[PDB]
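In: The data below comprise the sequence and an experimental structure of the protein.
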Amino acid sequence: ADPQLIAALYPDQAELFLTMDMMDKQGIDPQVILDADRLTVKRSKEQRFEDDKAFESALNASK
Amino acid sequence: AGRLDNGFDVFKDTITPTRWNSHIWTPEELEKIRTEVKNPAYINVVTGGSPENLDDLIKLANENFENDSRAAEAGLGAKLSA
């Protein structure tokens, strides 16, 4: 009904809102998210640190 | 039930003197700190931990200086720069 007020008051679980809105509004199966979120490697620090530079440059350099 | 306590030492309940802080440096340990620490500012920060001893604080204040210049820089600068 309001995908905004619900989004705001709870910034902590934006992950759940994203996944649910993937699940229902868009057409993807609630099975193909399950593996990819179960299959993930632990970012172990190293992976995470690199993706994070990566986002940082990319978002900043997109115009 | 409350029963007013009437005592408070801002130094036992807030800042508690920790082991590493409040240690005057032994005249020999300065020689180790000057050679095996890249920047001495991180000898203070203690997330632990972390005794004993200075042979561990060196390993921590070096690894934290490595963890800093790898990412802290990118994240903060980028986020506030623009």
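Out: Sure thing, it's come through. Numbers count the residues shown, from 1 in each chain, chains lettered A, B, ... in the order given.

In: how about the residues of chain B that lie near chain A?
Out: Within reach of chain A by C-beta under 8 Å from any C-beta of the partner chain, chain B has these residues: B:70-71, B:74-75, B:78-79, B:82. Just so you know, the C-beta spots here come from the backbone N, C-alpha and C atoms, and that holds for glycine as well.

In: quick one: what helix or strand has the nearest residue to residue B:36 once chain neighbours are set aside in it?
Out: Distance criterion C-beta to C-beta, 6 or more residues apart in numbering or on different chains; nearest residue to residue B:36, sequence neighbours excluded, is residue B:58 at 4.8 Å. Using DSSP states H and E, residue B:58 falls within helix B:54-67.

In: Which positions within that helix qualify as buried?
Out: Within helix B:54-67, the residues that count as buried by 16 or more other C-beta atoms under 10 Å in any protein chain shown are B:54, B:57-58, B:60-61, B:65.

In: Report the distance from stretch A:1-9 to the chain centre.
Out: When distances are taken as C-alpha atoms, centre = their mean, to the nearest Å, stretch A:1-9 is centred 17 Å away from the chain's centroid.

In: any residues touching it, and which ones?
Out: For stretch A:1-9, contacts defined as C-beta atoms under 8 Å, 6 or more residues apart in numbering or on different chains pick out A:14, A:17, A:21.

In: Quick check: the gap between the second one and residue A:36.
Out: Which is residue A:17. 18 Å (C-beta to C-beta, to the nearest Å).
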